[PDB]
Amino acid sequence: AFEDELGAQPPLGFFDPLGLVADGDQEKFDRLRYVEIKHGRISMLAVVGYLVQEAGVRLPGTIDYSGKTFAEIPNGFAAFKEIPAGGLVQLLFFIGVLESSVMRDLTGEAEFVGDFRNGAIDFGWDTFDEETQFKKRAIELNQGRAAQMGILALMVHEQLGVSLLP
């Protein structure tokens, strides 16, 4: 059914040990694929952010008018103890607004799930041939899969207190 879909590749081939898409429902597959791409994009950004922040890189100066500095804010979950309440509200709200109003198929012209270009932002999708376009989608998906496991590893081991970083 979906043995030929994007994401079935060497060395495992089509890999669905829980038969989640064995029923051949295209809409179920389309949703799960949407969810898989989304977790992957978030996790790709999350691993880079965790590593950059772990290395001590900080925005210059202060995060609020009381004089709280980005430099005082630690990496990991501990960051949330030191970001001011108003900043946490804004971060959650403005990610929510991406979810409600931006990062979605607004016009119905998406070529496949995860295509949010919306006839608005495009760096040249059609300059890739069909094989290259498929390759780029596969890289996006599989980098996303690897990063999902990577960010889970970093979050878990932060709590374990067994570091995975030099």
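All residue numbers are counted from 1 along the displayed sequence.
When the C-alpha B-factors of 68-76 and 91-99 are averaged, 68-76 comes out higher. For the pair 142-150 and 8-16, the mean B factor over Cα atoms is greater in 8-16.
Each of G114, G40, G61, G56 has a CA temperature factor in the record; the biggest one is found at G61. The deposited CA B-factor of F128 belongs to the highest third of values across its chain.
The entry lists a Cα temperature factor for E36 that places it in the lowest third of the chain's modelled residues.
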